[PDB]
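There is one chain below, alone, in structure tokens, taken in the form deposited in one PDB entry.
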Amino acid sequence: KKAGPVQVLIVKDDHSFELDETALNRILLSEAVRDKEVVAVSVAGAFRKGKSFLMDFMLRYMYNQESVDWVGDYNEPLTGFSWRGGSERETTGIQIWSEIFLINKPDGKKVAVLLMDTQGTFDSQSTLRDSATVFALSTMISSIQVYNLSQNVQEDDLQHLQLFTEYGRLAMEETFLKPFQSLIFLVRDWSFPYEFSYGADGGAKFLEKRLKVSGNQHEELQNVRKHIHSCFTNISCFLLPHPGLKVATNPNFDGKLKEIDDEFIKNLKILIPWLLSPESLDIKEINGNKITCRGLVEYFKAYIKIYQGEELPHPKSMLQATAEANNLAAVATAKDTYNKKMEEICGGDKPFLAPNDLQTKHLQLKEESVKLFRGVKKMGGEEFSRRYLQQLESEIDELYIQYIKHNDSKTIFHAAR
């Protein structure tokens, strides 16, 4: 048929995930490609940043690799994966190109090349779990992940990457090898060529400075960086110029090269082959073993099941995760404080205490623990704390009841007039 985009991972309105297995099998399990070792290319990152648009230039290269003018006719619209302006997301879930490219590597290996376009993270219809699942799955599956960013590499960008890739790691078999392979920090609309040049060399210098870990660097800064180094075998950076305001703002813009700034085009022609030339095609490795298209379908199915289940922790926002953490820790301290004090009163090495006195002491101790809990400043504040405080009181009462039984076993009664 006509080659086209195929929706492979579907994100439902209830935030669940479906894999189109029939469609996936039709593409990767064909007699022509199934036994071929696979190269998987993905682009991922914040929504509305020209991921699909870039991927469509990648397509022109994959088809027209032989011509020096692979970049295309200057009056020809850009087609393939769906891309457009407007502030609302276009690409959802994960889609792959229906035509698998067969390329000869400089070592004589004929390999299969798969292209993946992904739903941008942090759009306004998505839970953090949605964004994390999409990003993770694309990372786990691709051998080359193009991490698409706007203008700069900010600390929050590194943190998002850490979280999303951590979510991918959780769903994977444990290994001594790094989980993933090639990672590319593609910086769109890089504005400072006078400081770091456009392209890969300026990019590399820019990334080495930004990902640098040093002795006097605060641990929080060190850790997010070390995490990224530990995840990927090869990490690079490419600085791309702004493509011009027509591309950005013009509702009629169709993707014709005649409308794009020449400096952008010059760098794009460097970028794509740098990604996709035969010598650059990273064959997918899982657990240090090269994977075929057939094998990739089997891992895709297995990973998706894990994300469909409930074994993994839910990805959470900073506020939500910190508030929970603050409350859980405070409950533990408060309860433990109660336990220690009751031990001094009716531990096994302590005498029988009259039940009315034991009750008075318990009410006092419980109250001290509640005040202790109330007094700790936590995010989410008191409202968020409510179920935790009630949990604290409910758990202290369970302990008290256990203590009542211990104390009663020492009961002394003397009859006296």
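Rigid core: the largest C-alpha set superposing within 1.5 Å between the two forms. Note that residue numbering follows the sequence shown and begins at 1.
The form deposited in another entry is left out here; the points below concern that form.
After superposition on the rigid core, the single residue among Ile270, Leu102, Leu177, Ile345 whose C-alpha moves by 2 Å or more between the shown form and the other one is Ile345. A displacement of less than 2 angstroms separates the C-alpha positions of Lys290 between the shown form and the other one, with the rigid core held in common. After superposition on the rigid core, the Cα of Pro77 moves by 2 Å or more between the shown form and the other one. Taking the rigid core as fixed, one finds a CA shift for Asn250 of 2 Å or more between the shown form and the other one. Whereas the shown form places them at one spacing, the Cα atoms of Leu275 and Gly255 lie at least 3 Å farther apart in the other form. Note on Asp20 and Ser87: their C-alpha atoms are nearer in the other form, a change of at least 3 Å from this conformation.
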